[PDB]
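Enquirer: Note that the sequence shown covers residues 81 to 191, 196 to 219, 223 to 238 in the authors' numbering.
Backbone N, C-alpha and C fix where the C-beta goes; we use that ideal spot for every residue, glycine too.
Structure in structure tokens, see below.
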Amino acid sequence: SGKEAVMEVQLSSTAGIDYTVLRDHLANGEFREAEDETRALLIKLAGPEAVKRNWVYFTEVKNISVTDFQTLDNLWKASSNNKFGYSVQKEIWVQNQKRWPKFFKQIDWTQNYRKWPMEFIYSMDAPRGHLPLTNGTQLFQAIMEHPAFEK
């Protein structure tokens, strides 16, 4: 169903975050824009200091709620026949023995080191775990180690 699946997802937030824009991108298959929206929300979610400077410190992922993360992940999973999502990324990372460059290769972020944003794959043709992005490396870790997926 693809586009229909994204719509079925319940859109919930501890922090009054309006996921519709993302949802609408992800539904209509607008992965590039969805990625950009995703980043922007993660910033807003990390709290005021994060928003002021406009990137996120790995420390601040602690601040982001389970629900909000789960919502993002649900949508990304939904838009992708469960190929995309933070949780997916954790799975692929754990499956590669938490060994980073093995993982980065399995996620086709190297296929070199794919240059953003022209050189990335924003489509259903992308490998499982290719999206979304999160570009050191402690940040991305903190996300996956987050309790929303642990589980």
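Leaving out the 5 sequence neighbours to the left and right, which residues in its chain are closer than 7 Å to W180 when beta-carbon positions are compared?
Expert: Hits under 7 Å: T224.
Enquirer: Go ahead and label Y197 buried or exposed: buried means 16 or more other beta carbons lie within 10 angstroms of its beta carbon, across all protein chains shown.
Expert: Exposed: under 16 other Cβ atoms inside 10 Å.
Enquirer: Taking contact to mean at least 3 C-beta pairs separated by less than 8 Å, is the stretch 84-100 in contact with the stretch 137-151?
Expert: In short, these stretches touch, since the Cβ pair count reaches three.
Enquirer: Might you give, ordered along the chain, the residues of its own chain that have their beta carbon closer than 7 Å to the beta carbon of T118, omitting 5 neighbours on each side?
Expert: Once the five neighbours on either side are set aside, the close Cβ partners of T118 are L102, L152 and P216.
Enquirer: Between the Cα of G109 and the Cα atoms of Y206, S167 and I172, which residue gives the shortest distance?
Expert: Answer by Cα proximity: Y206.
Enquirer: Figure out for me which residue from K238, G213, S167 and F164 has the closest Cα to the Cα of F183.
Expert: That would be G213, whose Cα lies nearest to the Cα of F183.
Enquirer: Should residue 60 and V131 be called a contact, given that it needs their Cβ atoms to be closer than 8 Å?
Expert: This structure cannot settle anything about residue 60, because the visible part of the chain is limited to 81 through 238.
Enquirer: For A95, does the three-state DSSP call read helix, strand or coil?
Expert: Note: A95 maps to coil in three-state DSSP.
Enquirer: Tell me the rounded alpha-carbon separation between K170 and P211.
Expert: Distance between the alpha carbons of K170 and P211 is about 14 Å.
Enquirer: Taking only three categories from DSSP, how would you classify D153?
Expert: Three-state result, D153: helix.
Enquirer: Measuring CA to CA, which of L106, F164 and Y99 is closest to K124?
Expert: Checked all of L106, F164 and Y99; the closest Cα to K124 is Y99.
Enquirer: Exposed or buried, what is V141 when buried is set at 16 or more other beta-carbons lying within 10 Å of its beta-carbon?
Expert: Its Cβ being crowded by 16 or more others within 10 Å, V141 is buried.
Enquirer: At what residues does the alpha helix (DSSP H) containing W180 begin and finish?
Expert: Where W180 is concerned, the enclosing alpha helix (DSSP H) stretches over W180 to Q186.
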